[PDB]
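Next comes just one chain, in structure tokens: the form deposited in one PDB entry.
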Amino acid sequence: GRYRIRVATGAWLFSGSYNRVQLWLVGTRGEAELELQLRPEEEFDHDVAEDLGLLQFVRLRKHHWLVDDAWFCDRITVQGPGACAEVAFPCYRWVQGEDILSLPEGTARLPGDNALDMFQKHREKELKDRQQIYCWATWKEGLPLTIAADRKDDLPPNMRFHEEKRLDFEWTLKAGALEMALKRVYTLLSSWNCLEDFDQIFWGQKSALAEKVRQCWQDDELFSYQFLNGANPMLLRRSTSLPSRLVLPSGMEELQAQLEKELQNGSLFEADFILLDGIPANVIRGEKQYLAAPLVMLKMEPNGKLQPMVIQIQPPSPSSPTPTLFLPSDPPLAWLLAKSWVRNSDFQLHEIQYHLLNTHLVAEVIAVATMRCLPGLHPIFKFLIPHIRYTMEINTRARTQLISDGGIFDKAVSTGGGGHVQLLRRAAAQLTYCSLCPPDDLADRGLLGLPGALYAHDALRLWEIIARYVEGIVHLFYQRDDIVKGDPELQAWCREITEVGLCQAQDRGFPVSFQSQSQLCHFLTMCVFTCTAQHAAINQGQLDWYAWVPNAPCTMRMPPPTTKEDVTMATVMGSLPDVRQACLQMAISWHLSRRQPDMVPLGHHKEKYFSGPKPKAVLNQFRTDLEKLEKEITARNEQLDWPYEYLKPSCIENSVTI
């Protein structure tokens, strides 16, 4: 009866040289008392005369510790006597207090009807404790619920930032600050009267693709290319009909004929920003910002490059029944101002609807429900816990520093001061289940089969690879549909996302319960895609496309133009952001777009929550398929002048952390 124990430690903070942890090896028929000393993997050897049987649980106490001492245990692996296999006890949890921390055996188990089973009692007790430590909160009415944490110190310690991630976050904030200080110094006395004056702040936090954006932002093909493969590829859709808001002033017969012939051809595309209609604009430092709800109509040329046809910056109103329609054949300053207005509103719906709401808040809902309703034994929890890492802290820091009342979003973006909350309320109703699934989303938007849509191709490839991973894990643990229906914790998690997390999203196509393996697989695929790939698609293009502020303004300081002949250089430069708003846009884009040094790639989580070999085989197949997709995307991007790099699996983070 010789037991060999390995204790894995991820992080620790020890005042003394060694610390004392009391250990129990709880089996089916008995338990063994242990004496180990933490010197942080490390190994301990011990013999027990009593026969323990099949080892099931490992219990922990921090024995006589100081209040500043903390310990992040990773996994305890116990090699039993004989030629038996190594038995794994995944923890990946900070150990709080002096109480018993029971670590079940690593084989992921669905709950059963046997209430006297010790795994069932443990998962019920863990669910009760984790429900009373992870709680929902209503940040704003009409929005999906957050974690009950006003600040980052109110968060549970198990999902706090680690030391390297928090120090990187604070260093990047100090970097952005020092940069915008060295830019206020540089551009305090400099004039702001031409588009080349934005080069005075376009330095430092930039890339090669951002430099290409600066060189070619006034080209209409690049402005159209941002709708398909820019920072916001989530808004362009194919027109099945002409929009009702596109009210053509008479004398524009030509344009109507062109729109009709390419609508019946099928090459007509629209990017309707009508969600911003009626949103009150921010007032920054006593200066009133301005908003619009544009509609740009795009044509799919046979060469594979989109081209624009008409920009209607403001929708029709009772005051102005026919708005000014801006064409590329206009005076160039008016067309440039219309394009800048469209790109401004693309920044608005990009950062608010498709980044903050579609990815960050949805992944927060997934994280809170995955904690609250899925216990540590449960296989879907082990599936989702690498994909929900650091999401609650980044969303709490966003709600505290970024999108708060009196925050950065209100000091730089045109929707700040409460208009972004109203836009979030509008977009939360438009947050459908099909919109978060790129097969359904790009089928609704008509972007399937489009050759120039590299985001669509990479999103379908990532969806099928992630769906293969999801189907492998689910078919490992849910062999039948009644097994999916017979899991009360899984349906509780589904209701905690849909009824509770997303504020009764039954009307938006989200499932209230899982009735099949396929439905659970589709929902887990969209959860993992929202947590990793959609966030990488919508979060990495900020520096490449938004560094050049005239390419995509955060705000506009002048009303949209109604006469094309009155648009001069002063009108364009007074409509564009000024030095503070532009520098703050660049700093937030760099801070919320850069590659973290603590970036866990997609599928490459070093934490082993599963213990059986078959989930490791499914994860290895996931990594192999992602490596093949990385090779394919690299081979495609080497032949492209404007490559789409944001959905490379080496550049896709394993969770929404930034």
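Between two forms, the rigid core is the largest collection of C-alphas that superpose within 1.5 Å. Only residues modelled in both forms are compared. Position 1 is the first residue in the sequence shown; the rest follow in order.
Where residue 40 is followed by residue 41 in the displayed chain, the model omits 4 to 9 of the deposited residues that sit between the two.
Although not depicted, the form deposited in another entry is the subject of the following passage.
Of the residues 195, 570, 177, 118, exactly one exceeds or equals a 2 Å C-alpha shift between this form and the one not shown once the rigid core is aligned, and that residue is 177. With the core superposed, residue 186 shows a C-alpha displacement of at least 2 Å between this form and the one not shown. The pair residue 414 and residue 175 is at least 3 angstroms closer at the CA level in that other deposited form than in the present model. In that other deposited form, the Cα positions of residue 183 and residue 284 lie at least 3 Å nearer to each other than in the form displayed. Once the two forms are aligned on their core, only one segment of at least three consecutive shared residues with Cα displacements of 2 Å or more between this form and the one not shown appears, at 165-190.
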